[PDB]
Amino acid sequence: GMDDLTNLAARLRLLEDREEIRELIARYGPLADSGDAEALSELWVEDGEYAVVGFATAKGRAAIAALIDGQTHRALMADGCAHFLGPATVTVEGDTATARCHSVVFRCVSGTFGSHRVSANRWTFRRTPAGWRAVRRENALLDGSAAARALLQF
Amino acid sequence: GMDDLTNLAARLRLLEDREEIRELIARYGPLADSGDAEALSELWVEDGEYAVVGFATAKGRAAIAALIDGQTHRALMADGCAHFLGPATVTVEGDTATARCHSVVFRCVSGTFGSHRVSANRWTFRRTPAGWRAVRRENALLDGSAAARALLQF
Amino acid sequence: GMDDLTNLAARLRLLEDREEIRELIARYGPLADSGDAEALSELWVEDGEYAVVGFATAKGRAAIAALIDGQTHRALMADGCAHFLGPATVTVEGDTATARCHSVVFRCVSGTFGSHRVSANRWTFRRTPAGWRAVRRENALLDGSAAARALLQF
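Residue numbers (the deposited numbering), protein chains in the order written: chain A, 0 to 153; chain A', 0 to 153; chain A'', 0 to 153. A prime marks a further copy of an entry chain.
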């Protein structure tokens, strides 16, 4: 029955699921920008992937952590950077979910700030015994590329 | 009584309302950037409006879809663009609601990214039998214009 | 018992807490950009603080309001500005909470838009009888400074 105890519990769980998924996505940028490679990698399942058009795919937590520990990212941190992910649209289906959002990498160059990359992202998630975790993130530049538009599309 | 079943149901409904409204707003940019004109227009009620200072107002779903199908927007998509809407403040009052947020249109020009427009937005919504839908969106540039500040104000 | 009435009430309260805290943060930028100094200051407890590296700390609501009423901020509003705060990560612990987010100040200069400041923020909150309120906000530029990275870190 609508508004009975079992119904409220199901509806609350759905809100909790969505809020957990949004929290994962909102933690990415702070963790990246502070260099917390291990914790960032732990947003994903152990064999999670992070794919970017024109890059080698990072497969598994060690590889994802190695992106944050890597030269290029560390140099970006030394310049000054923000990995700014916007509000996500989220769809939950049982024990899986999908989100889409934009991301901008802001970079400080010569004492002024600019937009180093502007991208689309599509994320997938699954419910694990320890909570929701990312399964795959795909990212592409919104530079006219076809892939970026496809990542956003429903 | 606080925390009784009826009270929990009312409080849960309010959270659901706010999350639905935030989800509408978060879907706008992905739908715009992927060119999904029909679905974007369906964020609004049938006779919904989208007003921008110094532009003709788009009235009705066909007119709102025609903005995304239009030359100017399609050219922006070919350049590479992100319609980046920030987190919204939301106020629900019964079966209506209001939200305010910022939006930035990022555009790729000559292989680098910039901020093509930076704007205020005020959105109104109503509860329909099929869920929350937008009624009116108003937008103005944060270029010193009076209208943009008024859109944000409480 | 999981999913009993008392358990649902506790879980709902936690969602409400997080949504209230997110709403405080989402109101900051609209209030700043519209010049609503009083209401902006009332996001904080009476003796709340707003600290920015290399600035005098604003202590108390009058001082926080005086930032928005101040010359520098008013000139920024006349140029055209957006105080764009991204999605926050939020952790609630009882009657206190912490959030981290990015902020970008967009500014219109000579009819085009740019990123005037890009910053890290760490916010603390407490539950008051009138709802959640900010206690301290700290902000630093993501220009390579150590403080900005520390604000983001978990």
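For each residue, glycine too, the CB sits at the ideal point set by N, CA and C.
Rank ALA77(A''), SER102(A''), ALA50(A''), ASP142(A'') by C-alpha distance to the C-alpha of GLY28(A'') and give the top, closest one.
Across the set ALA77(A''), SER102(A''), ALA50(A''), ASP142(A''), the C-alpha of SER102(A'') shows the shortest separation from the C-alpha of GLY28(A'').
Contact set between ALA38(A') and chain A, taken where Cβ atoms lie within less than 8 Å:
Here the neighbours are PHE153.
For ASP46(A), does the three-state DSSP call read helix, strand or coil?
Here DSSP, grouped into helix, strand and coil, assigns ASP46(A) to strand.
Can you grab the Cα-Cα spacing for the pair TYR49(A') / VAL117(A''), in whole Å?
If you take the alpha carbons of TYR49(A') and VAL117(A''), they lie about 30 Å apart.
Express the C-alpha separation of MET1(A') and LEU140(A') in angstroms, rounding to a whole number.
Those two C-alpha atoms are separated by around 44 Å.
Could you give the uninterrupted runs of the alpha helix (DSSP H) lying entirely in the stretch 39-90 of chain A'', keeping only those of 4 residues or more?
Counting only runs of 4 or more, we get 60-68, 70-78.
Please compile the residues from chain A' whose C-beta is within a distance smaller than 8 Å of the C-beta of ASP2(A).
Taking a Cβ-Cβ cut-off of 8 Å, the neighbours of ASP2(A) in chain A' comprise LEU4, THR5, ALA8, given in sequence order.
Looking at the structure shown, is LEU140(A'') part of a helix, part of a strand, or coil, going by DSSP?
Three-state DSSP puts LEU140(A'') in a strand.
Taking 9 Å as the CB-CB cut-off, is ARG26(A) touching chain A''?
Taking 9 Å as the threshold, the shortest C-beta distance from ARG26(A) to chain A'' falls below it.
If you run the structure through DSSP and keep just helix, strand and coil, what is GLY113(A')?
Strand, per DSSP.
My output table needs one value for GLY130(A'): the three-state DSSP class, helix, strand or coil.
DSSP places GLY130(A') in strand when its eight states are reduced to three.
In angstroms, rounded to a whole number, what distance separates the CA positions of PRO128(A') and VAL134(A')?
Approximately 14 Å between the Cα atoms of the pair.
Test: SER118(A) CB closer than 9 Å to a CB of chain A'':
Output row for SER118(A): interface = no.
Start-to-end residues for the alpha helix (DSSP H) that takes in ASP3(A')
Looking at the DSSP string, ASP3(A') is not in any alpha helix (DSSP H), and its letter there is neither H nor E.
Excluding the 5 residues flanking residue 172(A'') on each side, which residues of the same chain have their C-beta closer than 8 Å to its C-beta?
This structure cannot speak to residue 172(A''), because chain A'' is shown only from 0 to 153.
Return the first residue and the last residue of the beta strand (DSSP E) that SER102(A') is part of.
It spans 95-108 - the beta strand (DSSP E) in which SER102(A') sits, taken as one unbroken run.
Inter-stretch contact (C-beta, 8 Å, three-pair minimum) for the stretch 52-61 of chain A'' and the stretch 43-60 of chain A'
With a cut-off of 8 Å, the stretch 43-60 of chain A' and the stretch 52-61 of chain A'' do not count as touching, because too few Cβ pairs lie within range.
Taking CB distances under 9 Å as the criterion, tell me whether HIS82(A') reaches chain A''.
It does not; no Cβ of chain A'' falls within 9 Å.
Using Cβ-Cβ distances below 9 Å, what residues of the stretch 56-84 of chain A'' are close to chain A'?
For the stretch 56-84 of chain A'', the set of positions with a beta-carbon nearer than 9 Å to some beta-carbon of chain A' reads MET76, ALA77, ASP78, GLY79, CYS80, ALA81, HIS82, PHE83, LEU84 in chain order.
Strictly under 9 Å for the Cβ-Cβ distance: is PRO128(A'') near chain A' by that measure?
No, no contact with chain A'.
Kindly list, in the order they appear in chain A', the residues whose Cβ is closer than 7 Å to that of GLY113(A'').
Result: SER114.
Taking C-alpha atoms, which residue in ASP142(A'), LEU13(A'), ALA74(A') lies nearest to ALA74(A'')?
For the residues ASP142(A'), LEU13(A'), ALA74(A'), the minimum Cα distance to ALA74(A'') belongs to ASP142(A').
Answer yes or no: does any C-beta atom of chain A'' fall closer than 9 Å to that of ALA133(A')?
Not an interface residue.
Distance, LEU66(A'') Cα to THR71(A) Cα:
The alpha-carbon atoms of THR71(A) and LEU66(A'') are separated by roughly 38 Å.
Under 9 Å between C-beta atoms, does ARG148(A) make it to chain A'?
By this cut-off, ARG148(A) is an interface position.
Distance, Cα to Cα, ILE24(A) vs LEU84(A)?
Rounded to the nearest whole angstrom, the C-alpha separation of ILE24(A) and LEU84(A) is 8 Å.
Flag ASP94(A') as yes if its beta-carbon sits less than 9 Å from any beta-carbon of chain A'', otherwise no.
Not closer than 9 Å to any Cβ of chain A'', the Cβ of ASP94(A') fails to qualify, so no.
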